[PDB]
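First up is the structure itself, then whatever we jot down about it.
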Amino acid sequence: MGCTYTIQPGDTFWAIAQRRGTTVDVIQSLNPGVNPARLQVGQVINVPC
């Protein structure tokens with residue numbers, strides 16, 4: 001019963017985490033497949049609903 005989030009140009013891990021109400025520790029703990037050192041445009045990831 002979770003939720004997802006679409007990563008578009010201008011959005012980042014920490015950034016998206018802010019509004020989402022989460023932190024990098026979580027974003028990276030959920031979607032470790034993508035590191036903050038380099039993100040791809042238009043990438044759908046999981047977030048705390």
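In the structure tokens, each chain is lettered A, B, ... as it comes, each chain's residues begin at 1, and ligands are numbered from 1 in order of appearance.
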Residue contacts of residue 11 of chain A (12 Å, only C-alpha atoms) excluding same-chain residues fewer than 4 positions away, as an MDAnalysis selection string
chainID A and resid 5:7 15:20 36 39:44
Output of the above residues as a compact mmCIF listing (two decimals), in the first residue's frame, restricted to N, CA and C atoms:
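The resulting again_24.txt:
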# COMPACT_ATOMS: atom_id res chain seq x y z
N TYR A 5 6.55 8.08 -7.45
CA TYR A 5 6.79 9.47 -7.82
C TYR A 5 7.59 9.56 -9.12
N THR A 6 7.17 10.46 -10.00
CA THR A 6 7.84 10.65 -11.28
C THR A 6 8.92 11.72 -11.18
N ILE A 7 10.15 11.36 -11.51
CA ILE A 7 11.27 12.29 -11.47
C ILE A 7 11.45 13.00 -12.80
N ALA A 15 15.60 17.06 -2.94
CA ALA A 15 14.51 17.96 -3.31
C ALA A 15 13.16 17.24 -3.22
N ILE A 16 12.97 16.25 -4.09
CA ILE A 16 11.72 15.49 -4.11
C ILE A 16 11.38 14.97 -2.72
N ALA A 17 12.41 14.66 -1.94
CA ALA A 17 12.21 14.16 -0.58
C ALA A 17 11.60 15.22 0.32
N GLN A 18 12.03 16.47 0.14
CA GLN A 18 11.53 17.58 0.94
C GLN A 18 10.00 17.61 0.91
N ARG A 19 9.44 17.95 -0.24
CA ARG A 19 7.99 18.03 -0.40
C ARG A 19 7.34 16.70 -0.02
N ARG A 20 7.92 15.60 -0.49
CA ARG A 20 7.39 14.27 -0.20
C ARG A 20 7.29 14.04 1.30
N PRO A 36 22.25 9.43 -6.01
CA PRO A 36 22.10 10.88 -6.16
C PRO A 36 23.25 11.50 -6.95
N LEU A 39 21.40 11.13 -11.69
CA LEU A 39 20.02 10.70 -11.91
C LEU A 39 19.63 10.88 -13.37
N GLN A 40 18.71 10.04 -13.84
CA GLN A 40 18.25 10.10 -15.22
C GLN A 40 16.93 10.87 -15.32
N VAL A 41 16.72 11.54 -16.45
CA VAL A 41 15.50 12.31 -16.66
C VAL A 41 14.29 11.40 -16.78
N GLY A 42 13.14 11.88 -16.31
CA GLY A 42 11.92 11.09 -16.37
C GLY A 42 12.10 9.70 -15.79
N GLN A 43 12.38 9.63 -14.50
CA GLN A 43 12.58 8.35 -13.83
C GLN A 43 11.56 8.16 -12.71
N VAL A 44 10.78 7.09 -12.81
CA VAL A 44 9.76 6.80 -11.80
C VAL A 44 10.34 5.98 -10.66
Need to verify the contact set: residue 22 of chain A, 10 Å, only C-alpha atoms, exclusion of same-chain residues closer than 6 positions in sequence. Can you return it as a PyMOL selection string? chain A and resi 13-16+47-49
Please write the residues from the selection above to a file, keeping N, CA and C atoms, as a PDB file, in the first residue's frame.
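Done, and the output landed in result-v8.pdb:
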ATOM      1  N   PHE A  13      16.853  13.935  -5.646  1.00  0.00           N
ATOM      2  CA  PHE A  13      16.587  13.073  -4.501  1.00  0.00           C
ATOM      3  C   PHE A  13      16.143  13.894  -3.293  1.00  0.00           C
ATOM      4  N   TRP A  14      17.079  14.638  -2.715  1.00  0.00           N
ATOM      5  CA  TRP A  14      16.785  15.469  -1.553  1.00  0.00           C
ATOM      6  C   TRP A  14      15.579  16.364  -1.815  1.00  0.00           C
ATOM      7  N   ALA A  15      15.601  17.065  -2.943  1.00  0.00           N
ATOM      8  CA  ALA A  15      14.508  17.956  -3.311  1.00  0.00           C
ATOM      9  C   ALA A  15      13.164  17.241  -3.222  1.00  0.00           C
ATOM     10  N   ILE A  16      12.965  16.255  -4.090  1.00  0.00           N
ATOM     11  CA  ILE A  16      11.723  15.492  -4.109  1.00  0.00           C
ATOM     12  C   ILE A  16      11.378  14.971  -2.718  1.00  0.00           C
ATOM     13  N   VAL A  47       8.051   6.178  -3.321  1.00  0.00           N
ATOM     14  CA  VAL A  47       8.084   7.166  -2.249  1.00  0.00           C
ATOM     15  C   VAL A  47       7.079   6.821  -1.155  1.00  0.00           C
ATOM     16  N   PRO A  48       7.336   7.322   0.063  1.00  0.00           N
ATOM     17  CA  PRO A  48       6.464   7.082   1.217  1.00  0.00           C
ATOM     18  C   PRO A  48       5.128   7.805   1.094  1.00  0.00           C
ATOM     19  N   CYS A  49       4.076   7.047   0.801  1.00  0.00           N
ATOM     20  CA  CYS A  49       2.741   7.615   0.654  1.00  0.00           C
ATOM     21  C   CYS A  49       2.233   8.160   1.986  1.00  0.00           C
TER      22      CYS A  49
END
Original post:
Among chain A, which residues carry a DSSP assignment of strand (DSSP E), reported as a VMD selection string?
Top reply: chain A and resid 3 to 7 43 to 47
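Between atom CA of residue 45 of chain A and atom CA of residue 24 of chain A the interatomic distance comes to 12.9 Å.
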Pairwise distance, atom CA of residue 2 of chain A with atom CA of residue 37 of chain A, equals 25.4 Å
Please extract the residues of segment 2-47 of chain A with a backbone DSSP assignment of helix (DSSP H, G or I) and present them as a VMD selection string. chain A and resid 13 to 20 24 to 30
